[PDB]
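Engineer: Protein chains in written order, with the deposited numbering: chain A, 1 to 452, 479 to 691; chain C, 5 to 156; chain H, 5 to 156.
Submitted below is the structure of interest, expressed as structure tokens.
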Amino acid sequence: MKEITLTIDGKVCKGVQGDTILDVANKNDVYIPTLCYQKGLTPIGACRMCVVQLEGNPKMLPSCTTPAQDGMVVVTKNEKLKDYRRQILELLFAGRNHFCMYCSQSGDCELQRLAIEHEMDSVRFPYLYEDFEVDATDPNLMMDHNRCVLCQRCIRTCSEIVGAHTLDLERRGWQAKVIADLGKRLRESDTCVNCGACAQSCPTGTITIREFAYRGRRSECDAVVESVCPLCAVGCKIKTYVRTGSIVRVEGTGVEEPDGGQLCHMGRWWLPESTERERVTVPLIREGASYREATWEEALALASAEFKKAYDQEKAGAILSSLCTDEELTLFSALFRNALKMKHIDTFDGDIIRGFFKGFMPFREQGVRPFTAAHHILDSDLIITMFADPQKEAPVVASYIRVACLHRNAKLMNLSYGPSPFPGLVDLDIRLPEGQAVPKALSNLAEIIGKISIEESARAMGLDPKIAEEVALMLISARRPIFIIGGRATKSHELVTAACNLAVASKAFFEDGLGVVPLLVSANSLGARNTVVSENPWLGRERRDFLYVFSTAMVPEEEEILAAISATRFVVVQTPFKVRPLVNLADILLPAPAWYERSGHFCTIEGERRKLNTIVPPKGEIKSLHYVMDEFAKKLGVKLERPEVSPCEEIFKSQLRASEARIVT
Amino acid sequence: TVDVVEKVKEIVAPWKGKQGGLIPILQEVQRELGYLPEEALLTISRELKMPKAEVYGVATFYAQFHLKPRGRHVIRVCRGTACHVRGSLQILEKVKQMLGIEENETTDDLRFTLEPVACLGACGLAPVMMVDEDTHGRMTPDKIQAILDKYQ
Amino acid sequence: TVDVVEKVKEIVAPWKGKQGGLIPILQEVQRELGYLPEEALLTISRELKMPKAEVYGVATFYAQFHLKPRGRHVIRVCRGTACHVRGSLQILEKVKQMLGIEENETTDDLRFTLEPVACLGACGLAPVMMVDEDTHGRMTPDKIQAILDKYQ
Ligand code: SF4
Ligand code: SF4
Ligand code: SF4
Ligand code: SF4
Ligand code: FES
Ligand code: FES
Ligand code: FES
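Dropping the structure here:
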């Protein structure tokens with residue numbers, strides 16, 4: 001029987017057969033003191049605090065590791081167990097140097113919660129006052145080793161969840177220390193992706209986020225709002241802690257999902273730091289090198305006068321943000337795409353989105369879903385990063401890649417003209433030279449699928491022939507390979523179709539569709555395409571005397587788009603913050619709801635709609651964003667007609683599986 | 005510096021694509037080079053595509069690996085049960101205070117090194133104080149000088 | 005560090021209040037310590053009440069003083085007129101490129117040291133390559149290995 005029935009502390013409990021005693025414990029209600037069990041990470045049996053006794057059997061066994069067997073009597077609280085747990089906690093306090101007076105985590109420490117619960121009004125064991133090093137070389141994380149219980153929840157979360165296996169144990173016995181690469185400092189480490197998942201796993205204040213120390217405590221939080229990171233497409237699930245109108249700590253829920261809560265640097269370090277930025281909250285005006293405070297009537301008048309003298313002669317554009325919700329983008333489409341009919345509206349990453357959705361479009365004609373979910377690159381056998389740097393595009397995809405190619409025996413092979421994104425993890429490096437390399441790759445894949479030749483495609487690709495045949499061999503020999511399309515693959519939209527067609531060639535089929543997993547820079551990608559993305563690139567290569575650019579100033583902006591904005595002669599930015607790269611190229615600088623004072627829905631390339639929640643409500647009164655769009659519609663000869671949010675119906679649908687043909691270009 | 009990059013890159017060749025084999029892959033660079041420099045472990049991690057942290061953890065987890073240059077003559081004293089009940093601790097502490105160096109480290113100029121071992125086998129002739137070449141059966145407190153000057 | 009402060013302060017005692025005697029006062033600390041550390045010269049300047057600059061000038065002016073620790077086996081090759089006309093320069097440059105160390109310095113771990121000397125006296129058996137113990141009469145280009153491995 002899978003459903004087994006036990007008795008923990010008298011209370012009857014129900015569990016699956018393979019579940020450990022801790023699983024059937026945390027399933028119903030009952031509390032067992034644990035310090036080294038992180039929901040997710042495989043039960044590590046180090047703290048020995050979860051020890052429970054079975055009736056009749058006079059010995060004690062860990063509840064985290066011992067399985068539940070079909071009916072048995074578990075006792076968790078009595079005198080002997082309390083004594084042994086207090087002794088374990090006191091050993092931890094006596095061995096390492098624990099000073100709670102100045103610890104960032106005094107209120108969250110799980111060694112402190114347990115100590116107070118077991119009434120530890122002493123240490124009993126002699127205090128060994130040995131000198132463990134305080135590694136605070138990293139400007140973002142600090143590792144104060146004299147608080148380290150040695151639970152390996154940081155080695156395990158950097159070995160099995162992040163993959164960039166930076167932390168391991170150093171020596172044996174008492175001298176065992178948690179070290180970075182080759183016993184060096186965290187800053188000196190080449191393999192730390194600066195993720196912070198080591199800080200979310202550490203229960204004992206050793207690893208702490210420095211910038212938000214003493215504020216990002218979970219006990220002193222005013223609210224706890226669950227939402228979705230809006231910085232990248234992976235859309236990690238987050239548990240933002242709010243303390244007096246600012247986010248102080250962003251820990252990622254989803255320890256049961258394949259990602260495992262390892263939010264990236266941009267999410268554990270830019271999301272709380274963005275709640276403490278300059279926040280204009282009053283319409284400015286340039287005046288020459290320094291802004292002056294203007295009223296909304298004055299600023300919108302000076303920004304609409306420049307929008308009427310520049311709309312008669314076409315000379316007008318709009319660069320909205322793809323980190324905006326579908327409500328805001330639908331509003332912007334109501335003004336820009338429909339009311340005044342500008343064909344010069346873009347989305348600050350329009351090149352990437354339009355390349356992706358003009359390379360994938362052949363397969364939409366053929367009737368297949370030419371992308372799968374990133375969590376399927378964890379069970380693959382050969383990963384091919386084509387024109388990708390997943391550490392700067394979607395770091396959870398990079399972490400999946402690393403976990404696969406280290407703890408699950410995969411192989412990496414790159415087809416990029418760049419720095420080999422995983423320098424020391426790829427087995428075969430290709431550096432395809434610039435020019436026109438897409439239809440020759442088409443020929444190569446047409447070979448790889450039809451033959452199961480490369481001589482002409484090699485010199486045609488501008489590549490040496492031996493390595494071009496090794497590519498084909500290692501591509502056919504794989505039993506479930508996956509491809510990682512990059513954003514750089516979208517400057518020429520046919521390269522993306524070459525990538526997808528190579529996926530059809532290499533027998534890479536998954537239940538969702540093809541194994542290409544496009545690295546979208548933005549979360550609202552399909553939402554941006556249906557509402558703002560222009561079918562032709564116009565930025566840079568067209569004058570555009572006026573430019574309304576909406577920039578939720580979160581993600582680093584392509585520097586080519588910023589230059590194009592700087593040569594415009596009137597730029598109306600509606601950025602929420604006063605960050606550097608936007609207050610320089612701006613003449614008006616209106617305010618905005620700043621990603622945490624608005625809610626939205628974010629329909630994505632993979633179909634389903636997410637939900638962004640209002641983390642902290644607005645402080646001032648921008649009073650709308652529709653008011654700005656209306657005052658633009660006013661004295662311009664156009665109306666607005668607020669539409670409904672266009673239902674995102676997943677344009678790419680999988681009506682075919684493991685049955686596609688290649689596309690000629 | 006270039007002497008330590010291909011010798012380690014060649015001993016790893018018969019282990020590429022084979023599961024396991026970091027304990028032997030190191031026991032060979034130890035026997036060749038005398039120690040495991042940081043360059044050695046770095047190239048092992050590069051070639052096997054094993055994490056550097058794991059390589060350093062295995063290299064520092066086991067006793068018979070030395071990450072620093074070991075001496076040209078080891079001074080293995082036996083701290084086994086038979087020698088200790090006989091009083092080998094006295095011999096150990098006097099070679100300690102005589103070389104003046106810490107418990108398990110090398111001399112300042114790489115001449116000797118103290119390495120307390122397990123039973124070297126002469127649990128009859130106890131205590132044994134091997135000086136990197138041969139057994140030494142009795143080793144009372146006064147017989148330690150007549151050998152430590154000889155082998156240097 | 006404390007071993008080098010009274011040995012030098014005692015060899016200076018029979019020279020206090022006597023004019024001269026810095027050339028001998030050093031040839032003694034050289035024979036005892038093997039070299040002249042900065043502490044040695046500092047204490048000589050303190051005891052004799054002679055300027056430190058003068059002590060360092062005399063210590064670096066003459067060839068047979070070594071301010072750095074000399075090796076445990078000197079490799080004195082003869083660059084005398086008789087050996088040089090015979091071709092001792094070839095032997096010198098090959099011991100140079102063989103130990104890989106600069107012309108007049110010690111090995112990285114204090115095992116050997118190359119010290120080109122004047123005539124060691126065997127101007128008949130030329131060239132001579134003394135390896136800190138005994139003469140060596142012929143020393144053709146190939147006989148340099150069979151001795152440099154032996155004395156180490
Ligand atoms: S880690 Fe926890 S127990 Fe240790 S000093 Fe900090 S708050 Fe106290
Ligand atoms: S920051 Fe991320 S990669 Fe670096 S040690 Fe921590 S968990 Fe590992
Ligand atoms: S650093 Fe923290 S998480 Fe890592 S082993 Fe130590 S106590 Fe555990
Ligand atoms: S990977 Fe993307 S979604 Fe996840 S935390 Fe980082 S920025 Fe947010
Ligand atoms: S909590 Fe069960 S052993 Fe760590
Ligand atoms: S007891 Fe020391 S040799 Fe076995
Ligand atoms: S010539 Fe070299 S010994 Fe005199």
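Cβ coordinates follow ideal geometry from the N, Cα and C atoms, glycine included.
Can you name, in chain order, every residue of its own chain whose Cβ lies under 8 Å from the Cβ of A/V438, other than the five neighbours on each side?
Structural biologist: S518, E520, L521, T523, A524 and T691
Engineer: Are there any heavy atoms of ligand 7 lying less than 7 Å away from the beta-carbon of H/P131, as far as the coordinates show?
Structural biologist: yes
Engineer: Does C/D7 get closer than 8 Å to chain H when you measure Cβ to Cβ?
Structural biologist: no
Engineer: Under 7 Å: does the beta carbon of C/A86 sit that close to some heavy atom of ligand 6?
Structural biologist: C/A86: yes, Cβ under 7 Å from ligand 6.
Engineer: Are the beta-carbon atoms belonging to A/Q262 and A/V396 less than 8 Å from one another?
Structural biologist: yes
Engineer: Taking 7 Å as the cut-off, is the beta-carbon of C/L118 closer than that to any non-hydrogen atom of ligand 6?
Structural biologist: Answer for C/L118: no, Cβ out of range of ligand 6.
Engineer: Residues of chain C with a CB under 7 Å from the CB of residue 159 of chain H: which are they?
Structural biologist: The displayed coordinates of chain H run from 5 to 156. Any statement about residue 159 of chain H would go beyond what the structure contains.
Engineer: C/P41 to H/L103, Cα distance in whole Å?
Structural biologist: Distance between the alpha carbons of C/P41 and H/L103: 22 Å.
Engineer: Answer yes or no: the CB of A/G488 versus the heavy atoms of ligand 4, is any distance below 7 Å?
Structural biologist: No, ligand 4 has no heavy atom inside 7 Å of this Cβ.
Engineer: Let's test the definition: count the other Cβ atoms within 10 Å of the Cβ of residue 463 of chain A and tell me whether it reaches 16, buried, or not, exposed.
Structural biologist: One cannot assign coordinates to residue 463 of chain A, given that chain A in this structure leaps from 452 to 479.
Engineer: In terms of residues, what are the limits of the alpha helix (DSSP H) holding A/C198?
Structural biologist: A197 to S201
Engineer: Interface residues of chain C around A/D656 at Cβ under 8 Å?
Structural biologist: Residues of chain C passing the Cβ test: none, with the nearest at roughly 58 Å.
Engineer: Do A/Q53 and A/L81 have their C-beta atoms closer together than 8 Å?
Structural biologist: Cβ atoms of A/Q53 and A/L81: closer than 8 Å.
Engineer: My assumption, with CB atoms under 8 Å, is that A/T7 sits in contact with A/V74. Please give the rounded CB distance.
Structural biologist: 7 Å
Engineer: Using the three-state DSSP reduction, which class does A/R292 fall into: helix, strand or coil?
Structural biologist: Under the three-state reduction of DSSP, A/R292 is assigned to coil, being neither helix nor strand.
Engineer: Looking at the strands, I want to know which residues DSSP matches up with A/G539.
Structural biologist: A/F536
Engineer: In three-state DSSP terms, what is H/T110?
Structural biologist: Reduced to three states, the DSSP call for H/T110 is strand.
Engineer: Leaving aside the five residues before and after A/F658 along the sequence, list all residues of the same chain whose C-beta is less than 7 Å from its C-beta, in chain order.
Structural biologist: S304, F307 and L335
Engineer: Could you have a look at H/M133 and say whether DSSP puts it in helix, strand or coil?
Structural biologist: strand
Engineer: Check whether chain A comes within 8 Å of C/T47, counting only Cβ atoms and requiring the distance to be less than that.
Structural biologist: no
Engineer: So, using beta-carbon positions, are A/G216 and A/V248 closer together than 8 Å?
Structural biologist: yes
Engineer: Counting along the chain, where does the alpha helix (DSSP H) carrying A/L340 start and finish?
Structural biologist: First-last for A/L340: undefined, no H or E at that position.
Engineer: Take C/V135 and list the residues in its own chain whose beta-carbon comes closer than 7 Å to its own, dropping the five residues that flank it on each side.
Structural biologist: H77, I79, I151 and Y155
Engineer: Ligand 2 heavy atoms versus the CB of A/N194: any closer than 7 Å?
Structural biologist: Checking every heavy atom of ligand 2 against the Cβ of A/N194, one is found closer than 7 Å.
Engineer: Could you check whether the Cβ of H/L93 sits closer than 7 Å to any heavy atom belonging to ligand 7?
Structural biologist: Not under cutoff, so the answer is no.
Engineer: Is A/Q105 close to ligand 1? I mean its beta-carbon at under 7 Å from any heavy atom of the ligand.
Structural biologist: Yes, Cβ of A/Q105 sits closer than 7 Å to a heavy atom of ligand 1.
Engineer: Exposed or buried, what is H/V6 when buried is set at 16 or more other beta-carbons lying within 10 Å of its beta-carbon?
Structural biologist: Flag for H/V6 reads exposed.
Engineer: Using a threshold of 8 Å, state whether the C-beta atoms of A/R172 and A/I44 are closer than that.
Structural biologist: no
Engineer: For the putative contact between C/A63 and C/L30, defined by C-beta atoms under 8 Å, what is the C-beta separation to the nearest angstrom?
Structural biologist: Approximately 6 Å separates the beta-carbon atoms of C/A63 and C/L30; this is inside 8 Å, confirming the contact.
Engineer: Can you tell me whether A/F509 sits near ligand 1, meaning its C-beta is under 7 Å from at least one heavy atom of the ligand?
Structural biologist: When distances are taken from the beta-carbon of A/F509 to the heavy atoms of ligand 1, even the shortest one reaches 7 Å or more.
Engineer: To the nearest angstrom, report how far apart A/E3 and A/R48 are at their CA atoms.
Structural biologist: When the Cα atoms are used, A/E3 and A/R48 turn out to be separated by approximately 27 Å.
Engineer: Applying the 10 Å Cβ sphere with the 16-neighbour rule, what's the burial state of A/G646?
Structural biologist: Classification for A/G646: exposed.
Engineer: If you measure from the CB of A/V396, is any heavy atom of ligand 4 nearer than 7 Å?
Structural biologist: yes
Engineer: Of all the alpha helix (DSSP H) runs that stay within the bounds of the stretch 56 to 104 of chain H, which reach a length of 4 or more residues?
Structural biologist: 56 to 65, 85 to 90 and 92 to 103
Engineer: Please look up how many angstroms separate the CB atoms of A/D144 and A/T166, rounded, as I've assumed it's under 8 Å.
Structural biologist: Incorrect: roughly 17 Å between the Cβ atoms, too far for contact.
Engineer: Between A/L323 and A/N550, is the Cβ-Cβ spacing less than 8 Å?
Structural biologist: Their beta carbons are under 8 Å apart, which means A/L323 touches A/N550 by this criterion.
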